[PDB]
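Beneath this line is the structure, given in structure tokens, with notes to follow.
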There are 4 protein chains.
Amino acid sequence: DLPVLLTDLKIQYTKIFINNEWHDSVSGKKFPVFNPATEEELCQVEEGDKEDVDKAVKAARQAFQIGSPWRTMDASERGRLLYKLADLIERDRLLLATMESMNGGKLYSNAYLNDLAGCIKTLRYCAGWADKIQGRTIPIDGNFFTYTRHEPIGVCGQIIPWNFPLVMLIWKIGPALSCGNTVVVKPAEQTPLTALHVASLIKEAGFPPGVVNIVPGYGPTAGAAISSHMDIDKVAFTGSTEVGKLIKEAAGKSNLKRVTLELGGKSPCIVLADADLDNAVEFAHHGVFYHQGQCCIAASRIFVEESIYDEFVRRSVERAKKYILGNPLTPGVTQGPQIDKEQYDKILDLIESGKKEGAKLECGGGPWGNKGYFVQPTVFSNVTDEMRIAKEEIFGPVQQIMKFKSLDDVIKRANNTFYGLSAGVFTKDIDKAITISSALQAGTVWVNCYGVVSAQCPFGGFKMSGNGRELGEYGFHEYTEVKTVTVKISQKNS
Amino acid sequence: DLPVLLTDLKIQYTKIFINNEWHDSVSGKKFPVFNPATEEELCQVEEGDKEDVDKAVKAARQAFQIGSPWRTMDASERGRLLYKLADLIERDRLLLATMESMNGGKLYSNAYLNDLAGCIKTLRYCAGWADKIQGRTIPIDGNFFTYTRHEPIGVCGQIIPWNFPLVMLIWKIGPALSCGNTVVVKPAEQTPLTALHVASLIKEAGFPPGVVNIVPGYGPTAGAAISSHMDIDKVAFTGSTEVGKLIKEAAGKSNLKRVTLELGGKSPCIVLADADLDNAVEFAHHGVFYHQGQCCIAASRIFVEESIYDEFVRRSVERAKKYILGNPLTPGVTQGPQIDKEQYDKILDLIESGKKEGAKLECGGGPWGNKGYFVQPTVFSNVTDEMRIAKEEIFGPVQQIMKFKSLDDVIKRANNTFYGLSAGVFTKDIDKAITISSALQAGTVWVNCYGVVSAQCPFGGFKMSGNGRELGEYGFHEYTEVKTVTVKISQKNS
Amino acid sequence: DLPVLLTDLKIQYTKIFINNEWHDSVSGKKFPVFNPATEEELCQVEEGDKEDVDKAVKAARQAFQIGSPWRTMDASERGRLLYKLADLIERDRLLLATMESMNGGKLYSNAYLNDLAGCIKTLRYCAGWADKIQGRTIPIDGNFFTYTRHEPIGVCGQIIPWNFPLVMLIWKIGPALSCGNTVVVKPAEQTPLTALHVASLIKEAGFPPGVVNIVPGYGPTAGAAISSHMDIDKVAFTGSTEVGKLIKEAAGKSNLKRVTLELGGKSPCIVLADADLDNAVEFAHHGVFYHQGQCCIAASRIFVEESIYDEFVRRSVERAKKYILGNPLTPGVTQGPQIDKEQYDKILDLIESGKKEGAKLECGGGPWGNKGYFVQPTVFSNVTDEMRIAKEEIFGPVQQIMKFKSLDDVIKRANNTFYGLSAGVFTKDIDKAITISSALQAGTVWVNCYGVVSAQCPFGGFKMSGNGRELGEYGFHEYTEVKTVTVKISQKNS
Amino acid sequence: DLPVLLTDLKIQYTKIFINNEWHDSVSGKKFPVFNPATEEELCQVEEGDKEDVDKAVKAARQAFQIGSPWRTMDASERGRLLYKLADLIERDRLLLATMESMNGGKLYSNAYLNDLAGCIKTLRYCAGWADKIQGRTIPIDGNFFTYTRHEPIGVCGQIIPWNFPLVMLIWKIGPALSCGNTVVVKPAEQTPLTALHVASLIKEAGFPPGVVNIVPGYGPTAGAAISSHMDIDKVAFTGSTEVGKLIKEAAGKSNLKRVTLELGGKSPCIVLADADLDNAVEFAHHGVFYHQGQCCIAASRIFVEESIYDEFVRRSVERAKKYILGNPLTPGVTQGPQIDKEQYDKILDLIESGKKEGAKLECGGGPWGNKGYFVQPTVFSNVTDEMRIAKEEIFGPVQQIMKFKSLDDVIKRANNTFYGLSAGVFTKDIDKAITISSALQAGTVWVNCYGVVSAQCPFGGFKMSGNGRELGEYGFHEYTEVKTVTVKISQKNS
Ligand SMILES: CS(=O)(=O)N1CCN(C(=O)c2cnc3ccc(F)cc3c2-c2ccc(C3(C#N)CC3)cc2)CC1
Ligand SMILES: CS(=O)(=O)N1CCN(C(=O)c2cnc3ccc(F)cc3c2-c2ccc(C3(C#N)CC3)cc2)CC1
Ligand SMILES: [Cl-]
Ligand SMILES: [Cl-]
Ligand SMILES: [Cl-]
Ligand SMILES: [Cl-]
């Protein structure tokens, strides 16, 4: 069932959100926000800069002070507020999915059934953890009583990408708030709108002021201000590996703030000759084409054993030739645009390198349409390991298919990258499934599927795809700071 | 009981340790190693540089390969090797304590009864964790079987300081090896000797070659090579906050390697009027003077309620006037030298700032002796919060004593620093002990004691005193990399 | 704020609840249900017996089968259903609190503000755990992949007491359902009504049929049928220690079903001479008098240091002389009746033993009123350790106050019982608070408070006060059954 | 390599062990101890009875008192003593393996390479846990500080079986001592000798007196005394399900002591048509024949898909026809005797029922030899589900092989028992391996192997095969008692 908004979407929230009130930019400047499917301007939004990040950090710092409502309320009540926020997003699901689709160039069907559902589910997951964050009592040597407090870290700067604006907003603020932190959020310049609507719901739910502050603006300005701020305790960033290196450097340069990074990938699939071929073709297809290829986990190197390689390529090409391009709000449309011009150019450039460097073009290979940043879905076969399309993250609807004959060699090829976000193994052999997944240097390894991500799982990269993990039990560790308290006593007993 | 070595100490191990064999420096260069209590040269050691770190990373990488002995042996056997290494250090305790004291300027009594005991105990603690590192099975949404592997990260560069060369060597390699990593260790330029002897014992114990590689040399050369290396997965550094910022920046600049930092402090004590005064005087005294003040946790700001301030100052001064300076090997000597000239100059300079800026000099305040980097134990009273001796880490035998009258104000003063390693609270009030320890922004808070550190406790800093934790259950997390494995199944059941 | 039901309470749900439908008793027999404050009959309820427990076990067994909706739905959805049930109880809070007060003889103010709030909060706590129940991956010796599943146990029989019918219903079904079990609940013969209303809400919330089955009836009949049933996997019982022994024996005799027991107590308080005297008097007063003394944790032995004993006794007596007895529905009433005649007789008998055995009667000591099972609030001083009122659980509004002079001796006296549910320590001394709480053989020890119980804490007895724990992280273990799965593989890697 | 004792074994330790000293029985009576391979008497041992269990409980109680050496020593030192005990057993491995083989009728090769190795490894595993047993700090509702202590329970009675006397002794005392308990051990009447030698090593290692007390004697006398004792806090029993029911009943009848039970089984294997047939034949063969079939996990129902059934039966029969019966000390001997006459008679009786009830006798079926309790290794094919040999635990070298054609049906057959200790699944299908292991009601499920047990894994039964788990992280829970400590504070902060 796909319900829709019956009235025209109205844009209301366009300002900076600090202390639960709406602020104009200190400068007074605004910046435009566009629809990627028509290239038209949707509205203007206050452009946050350093001076505005500064106001937001002071509010988050004040809300984090010992004795404050956010520090003294029951953990169970932090969880209650998060579950109420999820309820409010459920109530506004139609308008949120519409705004996300319109602003993000995201198929409305997916925005409604996947993004919004994942936002609600992840918030509810995080809410349940709030009063279950616990320290230890420890049998230290000597006559002492030792316990630990897993405290919130403090003020957390959180820089959100444009490919999944709502899901990634919730993946950031959910755990941070559950653990008792306060946050300064910087949504992507391309997609500030849905985060500002959620800010309106954070007010409605009753979060104390300054617990969540949202500062739209640009990366090199507001994002850099966060990463270099001397009173931000931790920065979490999701985006390119190139910016991730800059975030980590600025943290070292300023105040040694803690850093979590969720970065790009060049994630491989290994399809053994004994695999369920149709199952592997479909999971690897969606694994690389999902959201116009704009997933960091994109299955952008697909290695197929020689004896099924040609059959795999044909079936992949047939699947890719079935899309309907156009406005992601129209029912039946199955591929929307890329997010903006910068990404669009890099995709087309990489596609050209595939042609020149000798990859076999099976379908697609060019732009589409009169308006919008549309790229034809493209499949390359006979890709080799030193081609650009095999080394660089494309972030577009561009599939690479490679042949292998030796299992030892293909694992080394799969691992021969600086990336390491995810991988897939397709086989019917129990031993191969366990040993290959163990040997891949990747944060998530899927067996006989791809792209399966849920709130209960930790998620993050090996190597240059990331530092740290998000979600699951394990992800919640990086939103606490562990304090050891050791008390002298006359005599301990076990 | 204080047994001693009956024969003259002989220095044997002076070379670089890679793949369980002894290497000359690629350059062929050596550097001198001195005794800080006499300023004489003890021996020469091969000077590792980038080319030597390079050989060590390739050995650690090869030892980490899937299928290798270190990757395939039982976790219980990793633990067995660590317990055997502890046995071997116990066997060589006399010579190790002598070498540590001679090279490190460290009171032999402490070297034998505390450093060596802590090395043995921490190794035995870490050994017990090896086959108890576990992942999860997770009830993910949908028809999937999801488990996690807490794998070793890989090759870990570990830069060891000179104030506790053996303890910090073991605090680094213990957890790293227990979790299955391989390491490239860089001991301090001042104190390479005891780490090279332990390397000889790692060979004897039977660790596979390349699991532990030790490259003596200088910070700006070998240490920088580690921090910027493109095939080191994680760097752990203990030392100054200034170098810590450089380590973190170089990690961001190169390969986004994971970073753990244990840095300096300006740790405060708060002594309430109802405290056991003698107990507070003695714990705070040793808290700041231990190992000639060369502890990152040094209790270098001591705040005393006005009505007991003068009594606290007198009793502190009497305790400080009781030391016997000289060679740390002679029995009855109770204060050895500072480690080297650089540290010695910074201490004397800061002591001079105390005189000029108006602190009340109660005892000490100058150098001592014909030879050795000796500083008189010094006490300053009437210290105020913007003096240099109240803001900068001294790392010398220099005690600061301050008065307070308001508890709200003194907590803000205690927290008004970029440091945050530790703190102490001295009181008989149950509520004050809990609420004050909760409000201090410090990684370890001691109640009615100070400086109590043990293998069972996590240990690390808030703010610019550190990133991450070492030891305890929680410290072992930062030597694993979490992989999620998600398997498609026909139907799951709870 | 104390809102009330504006309309007369109507009783609707009076039948056995199996497979989400209402059943008459197999026999066709019903039993009466009374109001303890007027001794009048409120209604009749179907009397479940063995044949009815049998129907309920078969339904719970079928609902637990592999492939069933309850076994295959996402853990997150089990949690969702529990949070919806909490929402429904919130909606029906007025009628539930009224029915609980009317049926249970429970002060309406407490029923509304404490019992109902605790029901809602505990359900919400348990809901959060559902998709956070996890097993392990384990580095077993040899070439194997080993993981564990923390499965639900299966069909759990749950026998609920009459002193807190709703809270204890939720403390049982919350964790059991969160972990994926199915249940057969047997509410107290005295108080079946609120559990049957909740059953109506379990239907409304959408739990699959047979996941929760509720069989009202008598202990020796339906309760014994559960404890001896050959296809019930686990029994949880809260009630007297005498019945607890019978439950455990019948489990051994039949099918070795798992057993959790939450039983009575004779819990002690130790009030040191340095205690906040008013704080100790008030917490110990409510600790023994709460809900007409009908708490298993009742603070029924209060030991006071000699020098403050007389002052403690006077202040206690003044507090006890302030109650207003009567119908627990009338505002301003502060003490309702005992639950029934059996309990009423045992209370009066024990009160008489206090008079005869030489206790000093300070106030109360007899019955009250024309109707209802009312007991005057009673205080005994000069109680000695071999009196009946110091050894046997009274479960009535009867306070015992004892003198001590030696701390070693009073701890031995506190521990000299077969019970061990809880205890309290009142002191301003940090060391005494830690060492005394460590030395008491009791499941919960309160320091400078009493009776503080919350969903985040494990709760249960030492010794003959109980087996196992309920709630908290730790309580959830006893609603899982751990399965180890060990898979042969060609070669493992860490 | 199989080294042997060069000198005749001398029996020295034959008395009751209490408070680290050797006691004669209160009665003065002794009982004989036999060799099962020759039926000759090896020595006499003091016969412990109730009066002797009484002396042992008082010693264990005194050793558990608050302030005692065992209660106050560092947890790390409890671990140290356990690692030293493992060292001492390693030193005495030859004599211990000889005594175990001689007393137990156990193949010396297995006694040396498996039993003794498992004793040493399990002790070392348990030692590592000692200072890693931790409670929690908990964010309770309201202004309170709440922590938990995972205390030792207290005095634990431990009844050890005769099939693995040393391994099961260590599986019991290892975790109990690691957690800080004191124990009263009752080795099997048939095999007291190796436990008394270990007691001598517990003295040598330096355990405080009364921490371990060992009372040889008979089940209905000393074992019943333990199970009914009013001052034993917990009983752990391994043995038959029939005695397990009596242990659990006596616990309920006396003092509600905690109970852990490791009982028998009728564990099934399911061999799918796609299995590695040779691998399944060998693992299932050893799974049922190990230690003359005297394992509770014996794979005593083997279900094989029809199309490979005949091939499976032939290959099994060939493997069973390869044993050499005789004295388990002689090299090359591969099957020793059953433990005693009672077990020997039950085995032969059940074998006769197989003949009469219509099972196809493939080999064996009778006794062997002039002396010793020897049974020919026996294989039955065409076994059906209501035969005695398919329902009752045989505990002898008797293999049952069954045919199945329907997977749904064979899982129901596998689960159609009151037992539930373990099971095996043999297949090459990933989905079948996961779904079948999930659906089996068994505590350990092996995939493509059988009988793989190690210290890092929890181990125990579903249903009437057991209550609770031993070893692993999870097994250590049942040797602690959780105490919640809740402290009133003026204001909490997260
Ligand atoms: C949020 S909760 O669900 O955890 N729980 C909180 C506690 N509850 C109260 O109503 C309550 C309130 N005030 C008190 C004041 C003094 C006192 F001694 C007790 C109380 C109790 C109380 C405490 C323990 C019990 C048990 C026993 N035996 C475990 C049944 C029963 C009632 C029920 C709701
Ligand atoms: C390291 S350990 O301490 O964990 N443990 C490893 C297993 N042990 C073996 O000797 C062993 C060896 N080989 C086998 C081969 C096939 C087989 F079916 C069983 C075995 C067993 C084995 C397995 C289970 C049991 C129990 C039962 N019932 C739990 C008592 C007893 C013996 C003892 C030492
Ligand atoms: Cl911790
Ligand atoms: Cl995990
Ligand atoms: Cl587990
Ligand atoms: Cl706990």
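In what follows, chains carry the letters A, B, and so on, assigned in the order in which the sequence lines appear, proteins first and then strands, with residues in each chain numbered from 1. Values below: every heavy atom of this structure, side chains too, minus hydrogens, waters and symmetry copies.
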- Heavy-atom pairs under 4.5 Å with chain D, option from A/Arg149, A/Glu151, A/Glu77, A/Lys132 with the top count: A/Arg149
- Message: Only heavy atoms, only distances under 4.5 angstrom. Which residues in residues 471-478 of chain A are near chain D?
- Response: none
- Which residues in residues 483-494 of chain A have a heavy atom less than 4.5 Å from any heavy atom of chain D? A/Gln491, A/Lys492, A/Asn493, A/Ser494
- Item | Under 3.5 Å: donor-acceptor pair, side chain of A/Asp141, backbone of D/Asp74 | no
- Between D/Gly180, D/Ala433, D/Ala75, D/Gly67, which shows the greatest number of heavy-atom pairs under 4.5 Å with chain A? D/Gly67
- Item | Most chain D-contacting option - heavy-atom pairs closer than 4.5 Å, from A/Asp131, A/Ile66, A/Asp429, A/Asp431 | A/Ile66
- Message: Just checking A/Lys84: does its NZ atom have more than 12 heavy atoms from other residues, nucleotides or ligands closer to it than 6.0 angstrom?
- Response: yes
- Those residues at least two apart in sequence (or on a different chain) that pass side-chain hydrogen bond (donor to acceptor under 3.5 Å, both in side chains) with D/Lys234 are D/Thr260
- Residues pairing under salt bridge (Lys or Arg N to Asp or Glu O under 4.0 Å) where one sits in residues 60-72 of chain A, two or more places apart or in two chains, turn out to be A/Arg61-A/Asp231, A/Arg61-A/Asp233
- Under 4.5 Å from any heavy atom of chain A - which part of D/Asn448: side chain
- Bottom line for D/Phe64: the part with an atom under 4.5 Å from chain A's heavy atoms is neither
- Note on the structure: Residue from A/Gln134, A/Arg136, A/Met73 scoring the most non-hydrogen pairs under 4.5 Å with chain D is A/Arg136
- Using non-hydrogen atoms only, which part of D/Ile133 is less than 4.5 Å away from chain A: side chain, backbone, both, or neither? backbone
